[PDB]
$ cat final_19.csv   # CSV, C-alpha atoms
chain,number,residue,atom,x,y,z
P,700,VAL,CA,0.0,0.0,0.0
P,701,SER,CA,2.8,2.4,0.9
P,702,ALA,CA,4.7,1.6,-2.3
P,703,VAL,CA,1.7,2.2,-4.5
P,704,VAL,CA,0.9,5.5,-2.8
P,705,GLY,CA,4.5,6.7,-3.2
P,706,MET,CA,4.7,5.7,-6.8
P,707,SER,CA,1.4,7.4,-7.6
P,708,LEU,CA,2.5,10.6,-5.8
P,709,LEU,CA,5.8,10.6,-7.7
P,710,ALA,CA,4.1,10.2,-11.0
P,711,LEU,CA,1.6,12.9,-10.3
P,712,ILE,CA,4.2,15.4,-9.1
P,713,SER,CA,6.4,14.7,-12.2
P,714,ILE,CA,3.4,15.2,-14.6
P,715,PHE,CA,2.3,18.4,-12.8
P,716,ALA,CA,5.8,19.9,-12.8
P,717,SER,CA,6.4,19.2,-16.4
P,718,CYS,CA,3.0,20.5,-17.5
P,719,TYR,CA,3.5,23.7,-15.5
P,720,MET,CA,7.0,24.2,-16.9
P,721,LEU,CA,5.7,23.7,-20.5
P,722,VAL,CA,3.0,26.3,-19.9
P,723,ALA,CA,5.6,28.7,-18.6
P,724,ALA,CA,7.8,28.1,-21.6
P,725,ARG,CA,4.9,28.9,-23.9
P,726,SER,CA,4.1,32.0,-21.9
P,727,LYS,CA,7.6,33.2,-22.0
P,728,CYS,CA,8.0,32.6,-25.8
P,729,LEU,CA,4.7,34.3,-26.6
P,730,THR,CA,5.1,37.2,-24.2
P,731,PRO,CA,7.0,39.8,-26.3
P,732,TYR,CA,4.7,39.8,-29.2
P,733,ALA,CA,1.9,40.9,-26.8
P,734,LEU,CA,3.7,44.0,-25.6
P,735,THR,CA,4.5,45.4,-29.1
P,736,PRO,CA,2.1,48.3,-30.1
P,737,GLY,CA,0.0,46.9,-32.9
P,738,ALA,CA,1.6,43.9,-34.8
P,739,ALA,CA,0.5,40.3,-34.7
P,740,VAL,CA,2.0,36.9,-34.1
P,741,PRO,CA,2.9,34.8,-37.2
P,742,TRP,CA,0.2,32.4,-38.2
P,743,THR,CA,2.7,29.5,-38.0
P,744,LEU,CA,3.4,30.2,-34.3
P,745,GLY,CA,-0.2,31.1,-33.8
P,746,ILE,CA,-1.3,27.6,-34.8
P,747,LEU,CA,1.6,25.8,-33.1
P,748,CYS,CA,0.6,27.5,-29.8
P,749,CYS,CA,-2.8,28.9,-28.9
P,750,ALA,CA,-2.4,32.7,-29.7
P,751,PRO,CA,-5.0,35.3,-28.8
F,106,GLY,CA,6.7,77.6,-30.3
F,107,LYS,CA,3.7,75.9,-31.9
F,108,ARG,CA,5.5,72.5,-31.8
F,109,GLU,CA,5.8,72.8,-28.1
F,110,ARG,CA,2.1,73.7,-28.0
F,111,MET,CA,1.2,70.5,-30.0
F,112,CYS,CA,3.4,68.4,-27.8
F,113,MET,CA,1.6,69.8,-24.8
F,114,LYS,CA,-1.8,69.1,-26.4
F,115,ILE,CA,-1.0,65.5,-27.1
F,116,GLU,CA,0.6,64.9,-23.7
F,117,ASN,CA,-2.5,66.5,-22.1
F,118,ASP,CA,-4.6,63.4,-22.9
F,119,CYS,CA,-2.2,60.6,-24.0
F,120,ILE,CA,-0.4,60.5,-20.6
F,121,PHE,CA,-1.9,59.5,-17.3
F,122,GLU,CA,-0.4,59.6,-13.8
F,123,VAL,CA,0.0,56.9,-11.1
F,124,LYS,CA,-0.5,57.6,-7.4
F,125,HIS,CA,1.2,56.0,-4.3
F,126,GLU,CA,0.8,57.3,-0.7
F,127,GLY,CA,-0.2,60.7,-1.9
F,128,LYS,CA,2.7,61.2,-4.3
F,129,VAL,CA,3.0,61.1,-8.0
F,130,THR,CA,5.6,58.5,-9.0
F,131,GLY,CA,5.1,57.6,-12.7
F,132,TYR,CA,3.2,58.1,-15.9
F,133,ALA,CA,1.5,55.6,-18.2
F,134,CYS,CA,1.0,56.0,-21.9
F,135,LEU,CA,-1.6,55.0,-24.5
F,136,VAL,CA,0.2,53.8,-27.7
F,137,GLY,CA,-1.8,52.5,-30.6
F,138,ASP,CA,-4.0,49.8,-29.0
F,139,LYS,CA,-2.0,49.2,-25.8
F,140,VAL,CA,-1.8,50.9,-22.5
F,141,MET,CA,1.8,50.7,-21.2
F,142,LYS,CA,3.2,51.4,-17.8
F,143,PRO,CA,6.7,50.5,-16.5
F,144,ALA,CA,7.0,47.8,-13.9
F,145,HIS,CA,9.5,49.5,-11.6
F,146,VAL,CA,7.0,52.1,-10.3
F,147,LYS,CA,4.4,50.9,-7.7
F,148,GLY,CA,1.0,52.6,-7.3
F,149,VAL,CA,-2.5,52.9,-8.5
F,150,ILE,CA,-3.4,54.7,-11.7
F,151,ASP,CA,-5.5,57.8,-11.0
F,152,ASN,CA,-8.4,56.8,-13.2
F,153,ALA,CA,-11.8,55.2,-12.8
F,154,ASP,CA,-11.5,52.4,-15.3
F,155,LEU,CA,-7.9,51.9,-16.4
F,156,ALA,CA,-7.0,50.3,-13.1
F,157,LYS,CA,-9.9,47.9,-13.3
F,158,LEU,CA,-8.5,45.6,-16.0
F,159,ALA,CA,-5.9,42.8,-16.0
F,160,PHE,CA,-2.3,43.7,-16.8
F,161,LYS,CA,0.3,41.6,-18.6
F,162,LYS,CA,3.5,42.1,-16.7
F,163,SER,CA,7.0,41.3,-17.7
F,164,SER,CA,10.1,41.9,-15.5
F,165,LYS,CA,12.6,41.1,-18.2
F,166,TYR,CA,11.6,44.3,-20.1
F,167,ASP,CA,10.4,46.0,-16.9
F,168,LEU,CA,7.0,46.9,-18.2
F,169,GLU,CA,3.3,45.9,-18.2
F,170,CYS,CA,0.7,46.4,-20.9
F,171,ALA,CA,-3.0,45.9,-21.4
F,172,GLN,CA,-5.6,46.2,-24.2
F,173,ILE,CA,-7.2,49.7,-24.3
F,174,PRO,CA,-10.9,49.8,-23.7
F,175,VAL,CA,-12.9,50.8,-26.8
F,176,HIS,CA,-14.7,53.6,-25.0
F,177,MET,CA,-11.5,55.7,-25.0
F,178,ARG,CA,-9.6,54.3,-28.0
F,179,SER,CA,-9.5,57.5,-30.0
F,180,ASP,CA,-6.7,59.0,-27.8
F,181,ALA,CA,-4.1,57.0,-29.6
F,182,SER,CA,-0.4,58.0,-30.2
F,183,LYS,CA,0.3,57.0,-33.8
F,184,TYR,CA,3.2,54.6,-33.1
F,185,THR,CA,6.2,54.3,-35.4
F,186,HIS,CA,9.4,52.2,-35.6
F,187,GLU,CA,11.8,54.1,-37.9
F,188,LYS,CA,14.8,55.3,-36.0
F,189,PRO,CA,16.9,57.5,-38.2
F,190,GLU,CA,19.8,59.7,-37.0
F,191,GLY,CA,19.2,63.1,-35.5
F,192,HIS,CA,17.0,64.9,-33.0
F,193,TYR,CA,13.8,64.0,-31.3
F,194,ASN,CA,11.4,66.0,-29.1
F,195,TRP,CA,10.6,65.4,-25.5
F,196,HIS,CA,8.6,66.9,-22.7
F,197,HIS,CA,11.7,68.2,-21.0
F,198,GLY,CA,13.8,69.5,-23.9
F,199,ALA,CA,15.0,68.0,-27.1
F,200,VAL,CA,17.0,64.8,-27.0
F,201,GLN,CA,19.4,63.5,-29.6
F,202,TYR,CA,19.5,60.0,-31.1
F,203,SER,CA,23.1,59.4,-32.2
F,204,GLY,CA,25.2,56.2,-32.5
F,205,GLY,CA,22.3,54.0,-31.5
F,206,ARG,CA,22.0,55.9,-28.2
F,207,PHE,CA,19.7,58.5,-26.7
F,208,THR,CA,21.4,61.5,-25.1
F,209,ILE,CA,20.0,64.4,-23.2
F,210,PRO,CA,21.8,67.4,-21.6
F,211,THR,CA,23.0,66.6,-18.1
F,212,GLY,CA,20.2,67.2,-15.7
F,213,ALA,CA,16.7,67.4,-17.2
F,214,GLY,CA,14.9,64.3,-15.8
F,215,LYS,CA,14.4,64.0,-12.1
F,216,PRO,CA,13.7,60.7,-10.4
F,217,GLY,CA,10.0,59.9,-10.5
F,218,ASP,CA,9.6,61.1,-14.1
F,219,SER,CA,9.8,57.6,-15.6
F,220,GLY,CA,7.2,56.9,-18.2
F,221,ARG,CA,7.3,59.8,-20.6
F,222,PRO,CA,7.2,59.0,-24.3
F,223,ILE,CA,9.8,60.3,-26.9
F,224,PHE,CA,8.1,61.8,-30.0
F,225,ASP,CA,9.5,62.3,-33.5
F,226,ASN,CA,9.4,65.2,-35.8
F,227,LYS,CA,6.0,64.2,-37.2
F,228,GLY,CA,4.4,63.6,-33.8
F,229,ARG,CA,4.8,59.8,-33.6
F,230,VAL,CA,6.0,58.1,-30.4
F,231,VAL,CA,9.1,56.0,-30.8
F,232,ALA,CA,10.2,55.0,-27.3
F,233,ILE,CA,9.3,55.2,-23.6
F,234,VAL,CA,11.8,56.3,-21.0
F,235,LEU,CA,12.9,54.0,-18.2
F,236,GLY,CA,16.1,55.3,-16.7
F,237,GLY,CA,19.3,57.3,-17.2
F,238,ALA,CA,23.0,57.4,-16.4
F,239,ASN,CA,25.2,60.5,-16.6
F,240,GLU,CA,28.7,60.8,-18.1
F,241,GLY,CA,30.5,64.1,-18.4
F,242,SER,CA,27.9,66.7,-19.1
F,243,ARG,CA,25.3,64.4,-20.7
F,244,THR,CA,22.9,61.7,-19.7
F,245,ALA,CA,22.4,58.5,-21.7
F,246,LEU,CA,18.9,57.2,-21.4
F,247,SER,CA,17.7,53.6,-21.0
F,248,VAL,CA,14.5,53.1,-23.0
F,249,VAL,CA,12.7,50.3,-24.9
F,250,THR,CA,12.0,50.5,-28.6
F,251,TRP,CA,9.5,48.8,-31.0
F,252,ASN,CA,11.6,47.7,-33.9
F,253,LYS,CA,9.7,45.5,-36.4
F,254,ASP,CA,7.9,43.3,-33.8
F,255,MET,CA,10.3,42.6,-31.0
F,256,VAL,CA,10.3,45.1,-28.1
F,257,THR,CA,14.1,45.3,-27.5
F,258,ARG,CA,15.6,47.1,-24.5
F,259,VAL,CA,18.8,49.1,-24.4
F,260,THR,CA,20.5,50.2,-21.2
F,261,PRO,CA,23.9,51.9,-20.6
F,262,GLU,CA,26.1,51.0,-17.7
F,263,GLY,CA,25.5,52.5,-14.3
F,264,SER,CA,21.9,53.5,-15.0
F,265,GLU,CA,19.5,54.4,-12.2
F,266,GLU,CA,15.8,53.8,-12.2
F,267,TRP,CA,13.8,56.9,-11.8
H,106,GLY,CA,-16.6,71.3,-55.7
H,107,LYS,CA,-15.9,69.5,-59.0
H,108,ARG,CA,-14.6,66.4,-57.2
H,109,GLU,CA,-18.0,66.1,-55.4
H,110,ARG,CA,-19.8,66.6,-58.7
H,111,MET,CA,-17.8,63.8,-60.3
H,112,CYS,CA,-18.3,61.5,-57.3
H,113,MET,CA,-22.1,62.0,-57.4
H,114,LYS,CA,-22.0,61.6,-61.2
H,115,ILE,CA,-20.4,58.1,-60.7
H,116,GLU,CA,-22.7,57.3,-57.8
H,117,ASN,CA,-25.9,58.1,-59.6
H,118,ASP,CA,-24.9,55.7,-62.4
H,119,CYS,CA,-23.3,52.8,-60.5
H,120,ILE,CA,-24.7,52.6,-57.0
H,121,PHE,CA,-28.0,50.9,-56.8
H,122,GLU,CA,-30.5,50.7,-53.9
H,123,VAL,CA,-32.1,47.8,-52.2
H,124,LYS,CA,-35.8,48.0,-51.1
H,125,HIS,CA,-37.6,46.1,-48.3
H,126,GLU,CA,-41.0,47.0,-46.8
H,127,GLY,CA,-40.9,50.1,-48.9
H,128,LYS,CA,-37.9,51.5,-47.0
H,129,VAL,CA,-34.2,51.8,-48.0
H,130,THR,CA,-32.2,49.1,-46.2
H,131,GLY,CA,-28.9,49.3,-48.1
H,132,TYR,CA,-27.0,49.9,-51.3
H,133,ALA,CA,-25.5,47.4,-53.8
H,134,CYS,CA,-22.4,48.5,-55.8
H,135,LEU,CA,-20.9,47.6,-59.1
H,136,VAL,CA,-17.1,47.3,-59.4
H,137,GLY,CA,-15.1,46.2,-62.4
H,138,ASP,CA,-17.0,43.2,-63.8
H,139,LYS,CA,-18.9,42.2,-60.6
H,140,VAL,CA,-22.0,43.3,-58.9
H,141,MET,CA,-21.4,43.1,-55.1
H,142,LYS,CA,-23.5,43.6,-52.0
H,143,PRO,CA,-23.2,42.9,-48.3
H,144,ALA,CA,-24.9,39.8,-46.9
H,145,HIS,CA,-26.5,41.2,-43.8
H,146,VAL,CA,-28.8,43.5,-45.8
H,147,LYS,CA,-31.9,41.7,-46.8
H,148,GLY,CA,-34.2,43.1,-49.5
H,149,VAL,CA,-35.1,43.4,-53.1
H,150,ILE,CA,-32.7,45.2,-55.5
H,151,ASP,CA,-34.4,48.3,-57.0
H,152,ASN,CA,-34.0,47.0,-60.6
H,153,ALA,CA,-35.7,44.5,-62.9
H,154,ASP,CA,-33.0,42.3,-64.3
H,155,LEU,CA,-30.4,42.7,-61.6
H,156,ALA,CA,-32.4,40.6,-59.2
H,157,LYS,CA,-33.3,38.2,-62.0
H,158,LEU,CA,-29.7,36.9,-62.1
H,159,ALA,CA,-28.2,34.4,-59.7
H,160,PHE,CA,-25.8,35.7,-57.0
H,161,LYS,CA,-23.0,33.9,-55.2
H,162,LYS,CA,-22.9,34.2,-51.4
H,163,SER,CA,-20.2,33.7,-48.8
H,164,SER,CA,-20.6,34.3,-45.0
H,165,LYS,CA,-16.9,34.2,-44.1
H,166,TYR,CA,-16.3,37.4,-45.9
H,167,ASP,CA,-20.0,38.4,-45.4
H,168,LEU,CA,-21.1,39.4,-48.9
H,169,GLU,CA,-22.6,38.2,-52.2
H,170,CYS,CA,-21.3,38.9,-55.7
H,171,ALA,CA,-22.2,38.0,-59.3
H,172,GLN,CA,-21.3,38.6,-62.9
H,173,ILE,CA,-22.0,41.8,-64.7
H,174,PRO,CA,-24.7,41.7,-67.4
H,175,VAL,CA,-23.2,42.4,-70.8
H,176,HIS,CA,-25.1,45.6,-71.7
H,177,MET,CA,-24.4,47.3,-68.3
H,178,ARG,CA,-20.6,46.6,-68.6
H,179,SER,CA,-20.0,50.1,-70.1
H,180,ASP,CA,-20.9,51.7,-66.8
H,181,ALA,CA,-17.8,50.5,-65.0
H,182,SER,CA,-16.1,51.5,-61.8
H,183,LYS,CA,-12.3,51.4,-62.4
H,184,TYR,CA,-11.1,49.3,-59.4
H,185,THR,CA,-7.6,49.4,-58.0
H,186,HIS,CA,-5.7,47.9,-55.1
H,187,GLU,CA,-2.9,50.4,-54.3
H,188,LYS,CA,-3.5,51.4,-50.7
H,189,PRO,CA,-1.4,54.3,-49.4
H,190,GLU,CA,-2.2,56.3,-46.2
H,191,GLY,CA,-3.9,59.6,-45.9
H,192,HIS,CA,-7.3,60.9,-46.9
H,193,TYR,CA,-10.0,59.3,-49.0
H,194,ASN,CA,-13.4,60.4,-50.4
H,195,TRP,CA,-16.8,59.1,-49.4
H,196,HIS,CA,-20.4,60.2,-50.0
H,197,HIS,CA,-20.7,61.1,-46.3
H,198,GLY,CA,-17.4,63.0,-46.2
H,199,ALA,CA,-13.7,62.4,-45.9
H,200,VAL,CA,-12.3,59.3,-44.3
H,201,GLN,CA,-8.8,58.9,-42.9
H,202,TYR,CA,-6.7,55.8,-43.6
H,203,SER,CA,-4.0,55.4,-41.0
H,204,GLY,CA,-2.5,52.4,-39.1
H,205,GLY,CA,-4.1,50.0,-41.5
H,206,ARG,CA,-7.5,51.3,-40.4
H,207,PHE,CA,-10.2,53.5,-42.0
H,208,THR,CA,-11.8,56.0,-39.7
H,209,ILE,CA,-14.6,58.6,-40.0
H,210,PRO,CA,-15.4,61.5,-37.8
H,211,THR,CA,-17.7,60.9,-34.8
H,212,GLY,CA,-21.1,60.0,-36.2
H,213,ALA,CA,-21.6,60.1,-40.0
H,214,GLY,CA,-23.0,56.7,-40.8
H,215,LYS,CA,-26.5,55.7,-39.8
H,216,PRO,CA,-27.5,52.0,-39.7
H,217,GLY,CA,-28.8,50.8,-43.0
H,218,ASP,CA,-26.2,52.9,-44.9
H,219,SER,CA,-24.0,49.9,-45.8
H,220,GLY,CA,-22.6,49.1,-49.2
H,221,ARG,CA,-21.3,52.6,-50.1
H,222,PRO,CA,-17.9,52.4,-51.8
H,223,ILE,CA,-14.9,54.3,-50.6
H,224,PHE,CA,-13.3,56.1,-53.6
H,225,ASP,CA,-9.6,57.2,-53.9
H,226,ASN,CA,-8.0,60.5,-54.9
H,227,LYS,CA,-8.0,59.6,-58.6
H,228,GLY,CA,-11.7,58.5,-58.5
H,229,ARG,CA,-11.2,54.7,-58.2
H,230,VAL,CA,-12.8,52.4,-55.6
H,231,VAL,CA,-10.8,50.9,-52.8
H,232,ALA,CA,-13.2,49.2,-50.3
H,233,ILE,CA,-16.9,48.6,-49.6
H,234,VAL,CA,-18.2,49.6,-46.2
H,235,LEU,CA,-19.9,47.0,-44.0
H,236,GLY,CA,-19.9,48.2,-40.4
H,237,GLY,CA,-18.4,50.5,-37.9
H,238,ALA,CA,-17.6,50.9,-34.2
H,239,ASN,CA,-17.9,54.3,-32.6
H,240,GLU,CA,-15.5,55.8,-30.1
H,241,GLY,CA,-14.9,59.3,-28.7
H,242,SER,CA,-15.0,61.7,-31.6
H,243,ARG,CA,-14.3,59.2,-34.3
H,244,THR,CA,-15.5,55.8,-35.6
H,245,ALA,CA,-13.5,52.9,-36.9
H,246,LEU,CA,-14.9,51.3,-40.1
H,247,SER,CA,-15.0,47.7,-41.1
H,248,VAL,CA,-14.8,47.0,-44.8
H,249,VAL,CA,-13.5,44.5,-47.4
H,250,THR,CA,-10.5,45.0,-49.6
H,251,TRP,CA,-9.0,43.4,-52.7
H,252,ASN,CA,-5.4,42.8,-51.7
H,253,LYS,CA,-3.8,41.2,-54.8
H,254,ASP,CA,-6.4,38.4,-55.7
H,255,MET,CA,-7.9,37.7,-52.3
H,256,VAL,CA,-10.8,39.7,-50.8
H,257,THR,CA,-9.9,40.1,-47.2
H,258,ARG,CA,-11.9,41.5,-44.2
H,259,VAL,CA,-11.0,43.7,-41.2
H,260,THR,CA,-13.4,44.3,-38.4
H,261,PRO,CA,-12.4,46.4,-35.3
H,262,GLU,CA,-13.3,45.2,-31.9
H,263,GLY,CA,-16.9,46.1,-30.9
H,264,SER,CA,-18.0,46.6,-34.4
H,265,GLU,CA,-21.7,47.5,-34.7
H,266,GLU,CA,-23.6,45.9,-37.6
H,267,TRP,CA,-24.9,48.5,-40.1

$ encode --input "final_19.csv" --output "structure tokens"
Amino acid sequence: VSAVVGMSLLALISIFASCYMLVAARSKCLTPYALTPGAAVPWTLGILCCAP
Amino acid sequence: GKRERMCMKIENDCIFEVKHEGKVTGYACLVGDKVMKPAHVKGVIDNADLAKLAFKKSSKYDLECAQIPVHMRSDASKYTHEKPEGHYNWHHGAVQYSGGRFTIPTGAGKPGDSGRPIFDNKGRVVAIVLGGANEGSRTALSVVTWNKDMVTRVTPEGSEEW
Amino acid sequence: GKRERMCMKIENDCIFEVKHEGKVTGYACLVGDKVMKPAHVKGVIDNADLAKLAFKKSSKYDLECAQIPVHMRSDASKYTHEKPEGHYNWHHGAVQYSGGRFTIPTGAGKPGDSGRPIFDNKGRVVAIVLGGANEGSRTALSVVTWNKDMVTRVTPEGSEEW
């Protein structure tokens, strides 16, 4: 029981950390096109990542 | 002259002021379709609706921006990105763009004045002031520009945040 | 003066009206070799054989267009696609093109006045009006262009259907 609980917790923490860090990577890559006056993200990067 | 008058007229409605503990500590600008305010000044914008919307903040460029509400969109600033050699107007005296750097004569910007725009000859805003550092009898500014799409930042050594 | 006379001379020959319930609900234009109209306006074209022909409709670009009957081809419209910045003519007054956007002063377009073309300095057509969003002392228009061979579409935020 202890081993199963530990394995499940480790898997969950790994998945959560990696997903949060991928979200952060996307946010940091797409952040400087959103401060430029006017202008728009390229359609290629706009379909690769969800771009507002 | 009349150019000073038109600069005054544009700054009368394109620039807003931020408030903190009963003191004015920075100004925010309305460029194109974006409201911009630099991140190193803390306070509440003295306005009834600008402070009520979410702000996209980045500490790498030391700024924060938001989408301008449509009920006051008309007070734009007619952005531009050409940066040729020469002279450029400012609220506190003319500045000069030379050698890829912005220089002003010694003491013209006090701390707490961060956030003014830098206009061109035709009345278009080209950069927003962040800081400055003095050498000799001149002060080299630290601003952020809007070349092409990327908002690059340039800062000289020993700069101080106003 | 003479420019206005020439504009109305073209408009009284090329611009047609659409009727519904005995009241004017829009205008259908003729450009180059195509009769075009917006899709949101519903009514009967104020002509006999214009309505007797089959249209072709699209809702992505929000319009309908069809081929020009042979004997009305002489009354042309001299389209072009060159799109510089500045001032442009319009039956309701001058319209300013800046920042990739067309803008008219305050309130000059009532609802139901869609379909009116926007002419250029030389008397050629550049865009067909569809809608507009008001703001302050101006109003941002939403029209369709003819960039190269594709008819694109630009609608500012908060556009109000006309």

$ residues_around --input "final_19.csv" --residues "residue 178 (chain F)" --least-positions-apart "3" --cutoff "12 Å" --atoms "only C-alpha atoms" --output "MDAnalysis selection string"
(chainID F and resid 118:119 135:140 155 172:175 181:183) or (chainID H and resid 238:245 261:263)

$ write_last_selection --input "final_19.csv" --atoms "C-alpha atoms" --output "PDB file, in the coordinates of the input"
ATOM      1  CA  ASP F 118      -4.600  63.400 -22.900  1.00  0.00           C
ATOM      2  CA  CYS F 119      -2.200  60.600 -24.000  1.00  0.00           C
ATOM      3  CA  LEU F 135      -1.600  55.000 -24.500  1.00  0.00           C
ATOM      4  CA  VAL F 136       0.200  53.800 -27.700  1.00  0.00           C
ATOM      5  CA  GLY F 137      -1.800  52.500 -30.600  1.00  0.00           C
ATOM      6  CA  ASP F 138      -4.000  49.800 -29.000  1.00  0.00           C
ATOM      7  CA  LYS F 139      -2.000  49.200 -25.800  1.00  0.00           C
ATOM      8  CA  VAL F 140      -1.800  50.900 -22.500  1.00  0.00           C
ATOM      9  CA  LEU F 155      -7.900  51.900 -16.400  1.00  0.00           C
ATOM     10  CA  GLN F 172      -5.600  46.200 -24.200  1.00  0.00           C
ATOM     11  CA  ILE F 173      -7.200  49.700 -24.300  1.00  0.00           C
ATOM     12  CA  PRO F 174     -10.900  49.800 -23.700  1.00  0.00           C
ATOM     13  CA  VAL F 175     -12.900  50.800 -26.800  1.00  0.00           C
ATOM     14  CA  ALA F 181      -4.100  57.000 -29.600  1.00  0.00           C
ATOM     15  CA  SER F 182      -0.400  58.000 -30.200  1.00  0.00           C
ATOM     16  CA  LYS F 183       0.300  57.000 -33.800  1.00  0.00           C
TER      17      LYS F 183
ATOM     18  CA  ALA H 238     -17.600  50.900 -34.200  1.00  0.00           C
ATOM     19  CA  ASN H 239     -17.900  54.300 -32.600  1.00  0.00           C
ATOM     20  CA  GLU H 240     -15.500  55.800 -30.100  1.00  0.00           C
ATOM     21  CA  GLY H 241     -14.900  59.300 -28.700  1.00  0.00           C
ATOM     22  CA  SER H 242     -15.000  61.700 -31.600  1.00  0.00           C
ATOM     23  CA  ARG H 243     -14.300  59.200 -34.300  1.00  0.00           C
ATOM     24  CA  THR H 244     -15.500  55.800 -35.600  1.00  0.00           C
ATOM     25  CA  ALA H 245     -13.500  52.900 -36.900  1.00  0.00           C
ATOM     26  CA  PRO H 261     -12.400  46.400 -35.300  1.00  0.00           C
ATOM     27  CA  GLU H 262     -13.300  45.200 -31.900  1.00  0.00           C
ATOM     28  CA  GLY H 263     -16.900  46.100 -30.900  1.00  0.00           C
TER      29      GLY H 263
END

$ residues_around --input "final_19.csv" --residues "region 213-226 of chain F" --least-positions-apart "3" --cutoff "8 Å" --atoms "all atoms listed in the file" --output "MDAnalysis selection string"
chainID F and resid 120 129:134 142:143 192:198 209:210 229:236 266:267

$ closest_atom_pairs --input "final_19.csv" --of "chain H" --to "chain P" --cutoff "12 Å" --atoms "only C-alpha atoms" --output "Markdown table"
| residue | atom | partner | partner_atom | distance |
| --- | --- | --- | --- | --- |
| H:204 | CA | P:737 | CA | 8.7 |
| H:205 | CA | P:737 | CA | 10.0 |
| H:206 | CA | P:737 | CA | 11.5 |

$ write_last_selection --input "final_19.csv" --atoms "C-alpha atoms" --output "CSV table (one decimal), in the coordinates of the input"
chain,number,residue,atom,x,y,z
H,204,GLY,CA,-2.5,52.4,-39.1
H,205,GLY,CA,-4.1,50.0,-41.5
H,206,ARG,CA,-7.5,51.3,-40.4

$ closest_residue --input "final_19.csv" --among "H:228, H:117, H:237, H:203" --to "chain F" --atoms "all atoms listed in the file"
H:203

$ atom_distance --input "final_19.csv" --atom1 "CA of residue 188 (chain F)" --atom2 "CA of residue 201 (chain F)"
11.4 Å

$ residues_around --input "final_19.csv" --residues "residue 730 (chain P)" --least-positions-apart "4" --cutoff "10 Å" --atoms "all atoms listed in the file" --output "PyMOL selection string"
(chain P and resi 724-726+734-735) or (chain F and resi 161-163)

$ atom_distance --input "final_19.csv" --atom1 "CA of residue 107 (chain H)" --atom2 "CA of residue 185 (chain H)"
21.8 Å

$ atom_distance --input "final_19.csv" --atom1 "CA of residue 147 (chain H)" --atom2 "CA of residue 159 (chain H)"
15.3 Å

$ closest_residue --input "final_19.csv" --among "H:252, H:211, H:170, H:144" --to "chain F" --atoms "all atoms listed in the file"
H:211

$ closest_residue --input "final_19.csv" --among "F:167, F:180, F:126, F:154" --to "chain H" --atoms "all atoms listed in the file"
F:180

$ residues_around --input "final_19.csv" --residues "residue 731 (chain P)" --least-positions-apart "4" --cutoff "9 Å" --atoms "all atoms listed in the file" --output "list in words"
residues 727 and 735 of chain P; 163, 166, 254, 255 and 256 of chain F

$ residues_around --input "final_19.csv" --residues "residue 751 (chain P)" --least-positions-apart "5" --cutoff "12 Å" --atoms "all atoms listed in the file" --output "VMD selection string"
(chain P and resid 726 729 to 730 732 to 733 739 to 742 744 to 746) or (chain F and resid 172)

$ decode --input "final_19.csv" --residues "region 712-723 of chain P" --atoms "N, CA and C atoms" --output "PDB file, in the first residue's frame"
ATOM      1  N   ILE P 712       3.422  14.179  -9.292  1.00  0.00           N
ATOM      2  CA  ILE P 712       4.248  15.370  -9.133  1.00  0.00           C
ATOM      3  C   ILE P 712       5.092  15.602 -10.380  1.00  0.00           C
ATOM      4  N   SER P 713       5.605  14.532 -10.994  1.00  0.00           N
ATOM      5  CA  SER P 713       6.374  14.697 -12.224  1.00  0.00           C
ATOM      6  C   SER P 713       5.508  15.270 -13.336  1.00  0.00           C
ATOM      7  N   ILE P 714       4.300  14.725 -13.505  1.00  0.00           N
ATOM      8  CA  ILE P 714       3.417  15.199 -14.567  1.00  0.00           C
ATOM      9  C   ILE P 714       3.061  16.664 -14.343  1.00  0.00           C
ATOM     10  N   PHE P 715       2.714  17.018 -13.101  1.00  0.00           N
ATOM     11  CA  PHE P 715       2.318  18.391 -12.810  1.00  0.00           C
ATOM     12  C   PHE P 715       3.466  19.360 -13.042  1.00  0.00           C
ATOM     13  N   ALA P 716       4.670  19.013 -12.574  1.00  0.00           N
ATOM     14  CA  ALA P 716       5.807  19.905 -12.752  1.00  0.00           C
ATOM     15  C   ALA P 716       6.113  20.112 -14.226  1.00  0.00           C
ATOM     16  N   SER P 717       6.120  19.031 -15.010  1.00  0.00           N
ATOM     17  CA  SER P 717       6.446  19.175 -16.421  1.00  0.00           C
ATOM     18  C   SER P 717       5.382  19.971 -17.165  1.00  0.00           C
ATOM     19  N   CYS P 718       4.101  19.752 -16.850  1.00  0.00           N
ATOM     20  CA  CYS P 718       3.049  20.507 -17.521  1.00  0.00           C
ATOM     21  C   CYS P 718       3.127  21.989 -17.177  1.00  0.00           C
ATOM     22  N   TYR P 719       3.356  22.313 -15.902  1.00  0.00           N
ATOM     23  CA  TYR P 719       3.482  23.714 -15.515  1.00  0.00           C
ATOM     24  C   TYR P 719       4.667  24.363 -16.207  1.00  0.00           C
ATOM     25  N   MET P 720       5.776  23.637 -16.323  1.00  0.00           N
ATOM     26  CA  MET P 720       6.955  24.222 -16.941  1.00  0.00           C
ATOM     27  C   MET P 720       6.773  24.395 -18.446  1.00  0.00           C
ATOM     28  N   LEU P 721       6.055  23.478 -19.097  1.00  0.00           N
ATOM     29  CA  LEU P 721       5.733  23.674 -20.510  1.00  0.00           C
ATOM     30  C   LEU P 721       4.824  24.883 -20.709  1.00  0.00           C
ATOM     31  N   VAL P 722       3.850  25.065 -19.815  1.00  0.00           N
ATOM     32  CA  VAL P 722       2.998  26.252 -19.882  1.00  0.00           C
ATOM     33  C   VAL P 722       3.832  27.515 -19.713  1.00  0.00           C
ATOM     34  N   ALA P 723       4.769  27.497 -18.764  1.00  0.00           N
ATOM     35  CA  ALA P 723       5.638  28.650 -18.553  1.00  0.00           C
ATOM     36  C   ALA P 723       6.496  28.930 -19.779  1.00  0.00           C
TER      37      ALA P 723
END
